[PDB]
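The block underneath contains the structure these notes are about, expressed in structure tokens.
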Amino acid sequence: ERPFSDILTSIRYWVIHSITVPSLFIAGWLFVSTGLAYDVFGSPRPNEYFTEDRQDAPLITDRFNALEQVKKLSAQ
Amino acid sequence: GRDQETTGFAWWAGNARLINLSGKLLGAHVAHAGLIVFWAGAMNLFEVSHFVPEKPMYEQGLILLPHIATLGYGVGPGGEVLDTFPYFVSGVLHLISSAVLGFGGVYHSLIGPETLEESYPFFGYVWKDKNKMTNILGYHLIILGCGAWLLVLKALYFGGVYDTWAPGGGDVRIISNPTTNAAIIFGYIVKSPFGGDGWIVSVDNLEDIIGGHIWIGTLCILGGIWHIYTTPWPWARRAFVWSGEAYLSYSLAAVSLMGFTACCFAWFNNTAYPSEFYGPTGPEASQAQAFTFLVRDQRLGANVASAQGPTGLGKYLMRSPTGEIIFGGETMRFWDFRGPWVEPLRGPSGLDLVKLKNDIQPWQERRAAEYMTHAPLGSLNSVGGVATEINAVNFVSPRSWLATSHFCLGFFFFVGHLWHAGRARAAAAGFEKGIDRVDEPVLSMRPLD
Amino acid sequence: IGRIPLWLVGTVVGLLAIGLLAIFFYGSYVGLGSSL
Amino acid sequence: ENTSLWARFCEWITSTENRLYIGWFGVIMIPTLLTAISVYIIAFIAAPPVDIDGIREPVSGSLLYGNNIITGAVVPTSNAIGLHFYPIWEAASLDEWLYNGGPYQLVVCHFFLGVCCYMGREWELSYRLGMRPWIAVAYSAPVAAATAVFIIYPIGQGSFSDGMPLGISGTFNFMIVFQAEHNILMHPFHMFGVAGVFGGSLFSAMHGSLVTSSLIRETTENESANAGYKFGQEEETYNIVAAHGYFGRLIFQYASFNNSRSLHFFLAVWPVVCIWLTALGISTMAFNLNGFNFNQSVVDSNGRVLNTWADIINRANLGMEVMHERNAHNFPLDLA
Amino acid sequence: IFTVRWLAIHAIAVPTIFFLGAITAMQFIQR
Amino acid sequence: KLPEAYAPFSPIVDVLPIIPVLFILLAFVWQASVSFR
Amino acid sequence: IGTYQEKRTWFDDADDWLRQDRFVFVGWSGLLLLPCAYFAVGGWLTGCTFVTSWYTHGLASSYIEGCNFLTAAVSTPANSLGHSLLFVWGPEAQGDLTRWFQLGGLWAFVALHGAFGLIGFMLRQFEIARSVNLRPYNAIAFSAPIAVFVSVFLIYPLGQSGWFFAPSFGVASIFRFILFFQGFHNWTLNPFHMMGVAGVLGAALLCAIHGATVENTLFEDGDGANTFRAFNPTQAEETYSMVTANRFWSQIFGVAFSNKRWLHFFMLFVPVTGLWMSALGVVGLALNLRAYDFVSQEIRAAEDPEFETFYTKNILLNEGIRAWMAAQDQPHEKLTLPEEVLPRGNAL
Amino acid sequence: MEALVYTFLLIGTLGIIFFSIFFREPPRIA
Amino acid sequence: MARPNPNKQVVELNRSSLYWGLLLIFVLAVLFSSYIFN
Ligand code: CLA
Ligand code: CLA
Ligand code: CLA
Ligand code: CLA
Ligand code: CLA
Ligand SMILES: CC1=C(/C=C/C(C)=C/C=C/C(C)=C/C=C/C=C(C)/C=C/C=C(C)/C=C/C2=C(C)CCCC2(C)C)C(C)(C)CCC1
Ligand SMILES: CC1=C(/C=C/C(C)=C/C=C/C(C)=C/C=C/C=C(C)/C=C/C=C(C)/C=C/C2=C(C)CCCC2(C)C)C(C)(C)CCC1
Ligand SMILES: CC1=C(/C=C/C(C)=C/C=C/C(C)=C/C=C/C=C(C)/C=C/C=C(C)/C=C/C2=C(C)CCCC2(C)C)C(C)(C)CCC1
Ligand SMILES: CC1=C(/C=C/C(C)=C/C=C/C(C)=C/C=C/C=C(C)/C=C/C=C(C)/C=C/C2=C(C)CCCC2(C)C)C(C)(C)CCC1
Ligand SMILES: CC1=C(/C=C/C(C)=C\C=C\C(C)=C\C=C\C=C(C)\C=C\C=C(C)\C=C\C2=C(C)CCCC2(C)C)C(C)(C)CCC1
Ligand SMILES: CCCCCCCCCCCCC/C=C/[C@H](O)[C@H](N)CO
Ligand code: OEX
Ligand SMILES: [Cl-]
Ligand SMILES: [Cl-]
Ligand SMILES: [Fe+2]
Ligand code: NA
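Residue numbers (the authors' numbering), protein chains in the order written: chain e, 7 to 82; chain c, 13 to 461; chain j, 7 to 42; chain a, 9 to 344; chain f, 14 to 44; chain k, 10 to 46; chain d, 5 to 352; chain t, 1 to 30; chain l, 1 to 38.
Written out as structure tokens, the structure reads:
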């Protein structure tokens with residue numbers, strides 16, 4: 007049955023998860039420290055909000071050309 | 013200790029298990045006293061660790077150093093800090109005394125005697141023993157009177173206390189001839205709590221402070237001797253509930269009123285809470301705004317008695333609902349304010365026009381400017397100003413922190429008084445567990461409710 | 007099967023939770039999103 | 009033998025056999041609440057305009073002065089008065105008293121007394137009935153909130169004009185001005201209060217639907233389901249075990265309420281403690297503690313300020329600020 | 014093993030710890 | 010700031026206020042130790 | 005089934021595999037509930053952590069930016085997109101997940117998947133109540149949160165100019181939406197909203213007062229001061245005194261409950277009716293059918309400067325909200341209102 | 001003309017409140 | 001079934017439900033009258 011009292015108090019569980027829990031923590035750390043979050047999720051880096059072209063908030067102002075317009079307006 | 017099967021109280025009510033266990037009860041109390049003395053020492057040393065000589069004590073989030081400085085330690089004329097060694101000594105004495113009290117609390121909690129009755133009849137008590145309950149009350153009343161007289165002694169012969177009402181910005185002054193007049197002492201008590209009277213929060217001079225302390229110390233010692241040498245009267249016996257939880261409920265209602273009173277003292281009083289150490293009060297900051305905008309526009313060559321507002325009332329000066337001249341604007345609601353920086357400019361007709369035009373002082377003008385720039389306005393982030401302001405200044409007034417925290421504590425302690433008054437009455441009655449299911453009172457009452 | 011006490015495990019995970027929340031409250035005063 | 013006048017009156021006051029229990033708390037409640045009810049109704053119908061802000065701009069507030077149910081309000085006391093305790097005998101005329109917001113102060117003082125004695129009377133009836141006593145503790149939450157909007161906020165702000173107007177649109181006005189000055193939405197205690205009333209509706213619908221889900225068959229499709237329950241019956245009318253198994257296999261089998269006692273304790277404690285926290289939210293903002301200030305929190309590497317949702321709140325807050333008390337201000341910073 | 018309980022607890026724990034490492038990482042990102 | 014002799018002891022003073030919060034949490038740890046007995 | 009042979013099939017095997025006691029009941033509805041709900045919750049937790057709002061609104065709404073819990077959000081897409089479904093394969097994104105995130109497609113993802121997760125949860129309530137053979141009043145109660153969700157996050161943005169005017173999923177964004185409804189819609193004055201307020205506050209009153217009344221009218225079953233150990237799972241007597249509770253509230257309040265079934269049906273009825281009325285009012289606001297004005301009081305206040313009421317103060321405050329929030333909240337209108345024309349009182 | 005209607009509706013609700021308090025169906029113990 | 005209708009039903013409204021109906025209708029009046037008059 008394992009009613010959650012002998013499975014979180016088991017050294018068999020704890021040895022195998024002494025590597026997966028902090029391996030996950032380190033992987034999440036590197037996902038933010040290596041800028042992969044910036045790359046895959048579209049968030050601009052703290053030094054790349056305003057380019058030389060525009061100095062204000064970007065506006066989409068189109069629908070079917072929205073993809074290439076946000077391409078040209080973003081920081082590449 | 014014990015379990016639930018031998019006590020009937022679960023862990024979330026485990027302290028209730030030691031209602032009848034006098035030794036463990038005493039140990040829990042003195043261990044708690046160690047906690048109070050420990051926080052006082054720890055926070056005091058932390059505050060003197062985070063203290064900057066330049067900035068006043070209200071800009072730095074200090075709540076204990078202003079208390080010590082109000083007592084008159086390390087401060088001089090105007091409120092500048094001369095030394096922090098008294099504060100350090102206070103903090104260290106508190107830490108070490110907390111170590112001693114914590115040793116005692118741990119001792120009676122872990123290996124102390126279970127009950128103090130069978131061996132130390134002076135200390136052991138039952139809750140229905142009204143004689144010994146009044147005896148312990150008398151011991152503590154004598155202790156309270158001794159503390160009040162310690163403050164009286166400090167004000168009379170041990171350096172004096174800080175007066176903000178003394179000329180020149182205030183200073184540490186020795187109290188001479190306190191007001192021992194019973195009419196002046198008890199007219200504060202009998203006074204209404206509302207505007208213009210403020211109950212006891214409107215005590216506005218150190219002579220009244222120390223005279224009231226003389227009266228409270230002497231009455232407390234007298235009541236201690238009276239309680240040690242008497243037993244409660246039958247009318248009191250009929251009027252009261254005589255269980256330990258009932259005594260706790262009485263204490264909770266009392267300290268709840270005390271917490272609300274301390275909230276109002278921190279928010280309104282400026283003689284027991286000098287504005288140099290605690291910052292300006294709300295009324296003080298509003299009157300300071302109107303005052304400095306008066307003097308700026310005077311120095312810019314304008315008339316102040318004229319120039320009514322958009323409402324036809326008077327931008328700088330109007331008349332209060334009783335007649336005397338007060339500062340114009342919404343700060344009219346704070347026309348009841350009295351501070352050391354307005355009294356030299358305030359006469360019989362309220363604000364004197366010629367005195368307000370001519371008799372300005374530089375220290376008063378700077379004090380008004382700072383009491384504008386450090387108003388008790390802030391957020392939970394400790395961002396100063398109204399909730400729409402920028403994140404540039406890091407300031408929330410110690411008056412704001414004290415008033416808010418102690419209103420919260422006073423409210424929960426009133427609710428705790430309700431909980432304990434009800435449970436003590438129900439436990440004396442036999443209702444603490446539920447209705448008996450065969451001797452239900454409603455079934456013995458007629459219908460139609 | 008129960009070779010580590012459940013309360014000891016719970017206290018340690020509570021310590022990591024409190025340390026994590028203390029880190030989260032600390033990081034609001036420094037770096038990004040810190041009003042400075 | 010019980011022939012004396014005081015003891016006969018005592019047995020009349022303390023009697024459970026009354027249609028409405030009076031008790032010693034009710035002998036303070038009933039005159040105060042009747043006085044407050046009378047003055048509130050009369051003021052709501054025929055109160056002349058009230059100079060709330062102290063700037064000689066009287067606000068009508070009453071039905072006979074051109075207000076409807078939504079717009080009529082007993083207008084707060086004058087800002088010129090502040091907290092100065094204005095009763096009828098202080099005023100020269102009833103005309104002056106009605107001009108300076110006297111009915112509001114009368115209703116507020118009598119209503120605070122009335123709710124305090126209502127909570128006491130709830131305790132005292134529970135005492136004379138052999139009940140357990142903490143229903144008064146549960147009622148201490150709306151009492152705390154009423155005192156926070158009728159007493160504590162005026163005391164912390166210096167003026168009874170700051171109190172909540174006794175009305176509907178006045179309540180809305182109180183909220184708009186309150187958020188303008190204090191940003192209550194960004195306060196954790198108010199967030200707890202909203203969670204408390206949202207969870208109150210959550211758990212009211214939850215418990216009602218679980219009890220109604222597990223009703224026991226006694227009636228037919230002809231008769232309403234309530235007709236299966238008989239007043240004073242000993243058997244329980246629903247299957248607690250069936251509802252508990254339902255909820256457990258619905259969300260989490262262990263994390264349900266196996267004690268109906270503990271379940272009803274949770275139902276009582278959740279909105280009561282959250283309304284306690286949000287009442288202290290108002291009480292702490294009375295002394296200018298306010299909500300969170302997250303304006304210009306995020307800036308870029310070159311120091312430019314990014315707008316944020318908190319900054320949109322700040323923009324709406326400024327709109328709520330400048331327009332409120334448009335003529336009452338003479339100076340930039342609104343310290344008063 | 015590989016039970017329904019296993020998958021349902023892993024879907025809510027594995028990204029949770031990964032994300033907690035993520036926020037803790039950005040919690041020390043300067044500007 | 011602290012006196013010059015107690016300047017190296019300022020970091021250990023900077024933690025001292027949190028001990029009462031640790032005390033109530035320690036009461037809960039003790040109850041977990043006795044398994045909520 | 006029903007005294008017939010009915011040889012078994014893959015449907016019956018799958019049904020028997022789904023309808024069984026597990027750690028979590030999956031069921032047929034769990035084919036919808038579990039993935040849609042996981043994706044809605046995980047998408048919200050993803051957007052609040054990484055996905056930016058710099059391009060859809062010109063704001064910051066993620067932890068990677070520096071926002072905390074109270075301030076981060078999954079932002080509604082730009083008004084230019086209108087009511088586009090923002091499919092990742094659709095025209096606006098063109099298959100590309102990265103620039104799909106920053107164009108606002110994550111709001112449409114979270115909204116559609118949250119709606120289907122809500123449908124899956126109500127189907128789960130129906131299914132579990134059927135399997136345990138209990139009446140579906142839990143699903144009838146859950147009908148009101150779905151009514152609120154569809155009227156607020158679906159019907160209202162469909163009625164307005166686009167998804168941009170929907171609530172963005174996040175605490176400060178919800179507060180923006182609320183102050184928006186105050187300034188633009190006068191949602192406080194709406195009778196349907198105040199019916200919702202009465203329903204929710206009355207439901208909280210019922211919850212608190214049923215809890216306190218039950219917890220204070222118990223029967224003894226004692227020999228222990230902890231009352232929580234006086235309850236056994238399977239018995240046939242009332243645990244608290246119904247007659248004592250009725251007597252207490254009859255003498256305190258004047259009226260009291262005397263039917264347990266009607267008491268709990270009232271506890272069910274109050275929040276459902278309140279939330280349904282709020283849903284109907286938001287549907288009215290979807291078409292800008294506001295209860296903004298009282299025509300008689302407005303014409304009286306226009307023909308009399310001396311007429312001043314709290315309602316007129318609210319109207320002025322709403323003008324202040326609109327004019328001070330439009331420029332920064334609506335970038336699509338390109339509203340560059342100068343500091344000159346903004347409404348403003350004396351001083352401040 | 002409107003204050004008449006509002007006053008009538010308010011006292012009607014109060015009258016129904018009074019009748020519901022003091023003129024309810026008396027509950028029976030059986 | 002027979003010449004008379006077999007589904008013959010009686011309707012019931014206790015005084016409590018009368019009170020809820022009257023409060024409900026009068027509260028709808030108090031609430032909505034300000035808006036109908038507008
Ligand atoms: C101000 C806080 C406070 C204090 C002073 C006490 C005090 C006490 N509690 Mg208690 N309790 C508290 C909070 C507190 N409690 C809280 C918040 C809860 C809810 C979780 C409980 C729940 C609870 C239960 C269920 C019980 C008690 C009991 C007791 C008594 C005996 C405990 C014991 O000896 O067991 C043994 C404890 C230990 C062996 C661990 C203690 C080790 C030390 C003392 C911890 C502190 C170390 C300290 C830093 C050392 C200082 C030394 C000095 C020289 C500086 C005791 C007097 C028991 C009782 O009622 O007696 C019958 C009981 O069963 N409490
Ligand atoms: C009760 C009186 C009191 C008062 C008036 C103050 C006031 C102050 N303190 Mg202090 N402090 C206190 C007690 C008090 N403290 C105690 C008991 C401790 C020991 C832990 C400390 C330790 C302490 C430190 C270490 C520091 C301060 C600091 C400060 C200053 C800044 C406050 C701030 O921004 O923090 C933030 C404000 C809050 C965190 C709000 C508190 C939240 C409440 C109390 C809990 C939430 C309620 C909860 C939701 C309800 C649920 C109930 C239950 C289920 C938990 C300020 C003047 C700072 C300072 O200036 O140093 C000089 C500083 O760093 N205090
Ligand atoms: C989280 C718990 C907590 C914390 C951290 C605080 C913290 C604080 N409280 Mg407090 N309080 C609390 C809970 C708490 N409180 C609760 C639950 C209540 C009941 C509702 C109260 C009610 C309360 C009141 C009534 C007051 C405070 C006050 C204070 C402040 C000063 C404390 C003080 O000096 O008292 C005093 C210390 C003692 C009485 C112990 C004896 C000290 C002796 C008598 C002093 C000797 C001085 C002597 C003159 C020195 C000269 C020596 C010689 C030459 C003669 C302080 C910051 C005060 C305040 O500032 O108001 C805002 C105050 O008046 N609190
Ligand atoms: C913390 C201190 C403390 C405590 C807990 C007690 C507790 C008690 N005292 Mg007491 N007493 C004290 C201090 C204290 N005393 C002091 C300092 C003195 C000297 C003045 C006295 C002198 C005294 C006497 C002469 C008697 C008691 C008595 C009693 C017992 C019954 C009191 C009663 O019936 O309720 C409260 C009493 C009343 C409600 C009626 C008193 C009338 C008013 C309220 C008194 C104050 C007037 C003033 C206008 C009130 C407004 C102040 C307010 C706004 C703050 C009780 C156990 C009686 C007793 O049993 O003797 C053994 C009694 O005869 N005490
Ligand atoms: C000095 C005052 C005082 C004292 C001595 C007692 C003493 C006692 N109380 Mg009690 N109580 C008090 C005040 C006090 N109470 C207050 C102010 C309230 C609030 C209304 C309560 C509400 C209360 C309840 C509901 C109960 C008791 C109970 C008890 C008994 C067992 C307590 C226990 O071990 O629980 C265990 C302690 C814990 C589980 C720890 C509680 C953790 C809290 C929730 C965290 C709060 C911390 C947080 C920072 C607060 C911030 C709020 C604010 C400052 C912003 C005991 C004799 C029980 C009883 O009746 O037994 C007979 C019980 O049921 N009390
Ligand atoms: C370090 C230092 C220092 C020093 C100090 C000292 C040297 C001190 C101390 C200390 C101490 C020394 C403390 C203490 C404590 C104590 C206590 C805390 C006490 C007590 C008592 C009691 C508690 C009692 C009780 C009782 C009895 C038993 C009998 C009868 C009854 C009664 C109750 C009375 C200084 C600051 C200079 C400098 C810096 C550093
Ligand atoms: C029994 C019990 C308990 C407990 C209680 C208590 C409350 C206790 C305590 C205690 C205490 C109350 C303690 C305290 C202490 C103290 C100490 C231990 C100290 C010290 C000292 C020092 C060493 C210092 C030093 C210094 C100086 C001198 C200054 C400068 C700096 C420095 C810091 C270096 C509990 C709850 C858990 C559970 C139940 C039972
Ligand atoms: C220091 C000071 C002062 C002085 C003060 C004093 C001198 C105080 C006192 C006082 C007193 C001398 C008080 C008294 C009190 C008392 C109370 C507050 C009480 C109570 C109680 C009650 C409420 C009761 C109840 C009841 C009844 C009614 C009958 C039956 C029984 C019973 C219990 C239920 C002054 C302000 C000048 C200035 C500042 C500082
Ligand atoms: C995007 C997307 C997607 C989805 C995804 C998902 C669905 C995932 C996830 C996820 C998740 C699922 C995440 C998470 C996170 C979490 C977190 C981050 C947490 C938390 C918590 C906290 C931080 C807190 C804690 C605490 C403490 C420590 C103290 C006290 C208590 C509490 C609880 C408050 C895909 C790819 C399919 C595609 C489409 C789009
Ligand atoms: C609630 C709970 C829990 C838990 C959690 C935790 C994690 C807790 C904790 C806690 C803690 C974390 C504790 C600690 C503590 C400690 C203490 C309480 C101490 C002390 C002492 C003292 C008094 C000190 C002193 C001193 C000084 C003064 C200076 C220097 C030197 C020395 C250090 C010695 C669990 C989950 C299991 C289950 C559920 C419930
Ligand atoms: C607070 C007023 C009292 C002022 C003087 C206080 C000093 C001590 C006074 C206590 C007088 C003792 C009274 C004695 C009472 C007897 O024990 C009883 N009548 C029984 O003999
Ligand atoms: O009344 Mn309504 O709003 Ca509270 O801040 Mn001051 O006072 Mn008035 O101004 Mn801003
Ligand atoms: Cl306004
Ligand atoms: Cl102003
Ligand atoms: Fe129930
Ligand atoms: Na203004």
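Built from N, CA and C at the ideal position, the CB exists for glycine as well.
Between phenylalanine 305 of chain c and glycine 422 of chain c, the gap from beta carbon to beta carbon reaches 8 Å or more. Counting along the chain, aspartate 175 of chain c sits inside the beta strand (DSSP E) bounded by residues 173 to 175.
Per the coordinates, the alpha-carbon of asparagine 282 of chain c lies some 34 Å from the alpha-carbon of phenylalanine 200 of chain a.
Going by beta carbons, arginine 103 of chain d and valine 76 of chain e fall inside the 8 Å limit. At a Cβ-Cβ threshold of 8 Å, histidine 268 of chain d and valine 219 of chain a count as neighbours.
When C-beta distances to chain a are compared with 7 Å, the residues of the segment 276 to 301 of chain c below that value are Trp279, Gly294, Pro295, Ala297, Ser298, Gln301, in chain order.
Here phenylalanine 223 of chain d carries a strand assignment [DSSP, helix/strand/coil].
Annotated as proximal: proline 140 of chain d and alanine 133 of chain d, with beta-carbon spacing under 8 Å. By the Cβ criterion, the segment 107 to 123 of chain a is not in contact with the segment 188 to 198 of chain a, since fewer than three pairs of Cβ atoms, one from each stretch, lie closer than 8 Å. When secondary structure is reduced to three states using DSSP, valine 281 of chain a falls in the helix class. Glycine 37 of chain j is not a Cβ neighbour of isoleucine 36 of chain f, given a cutoff of 8 Å. Per DSSP, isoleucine 68 of chain d lies in no beta strand (DSSP E) segment and is marked neither H nor E.
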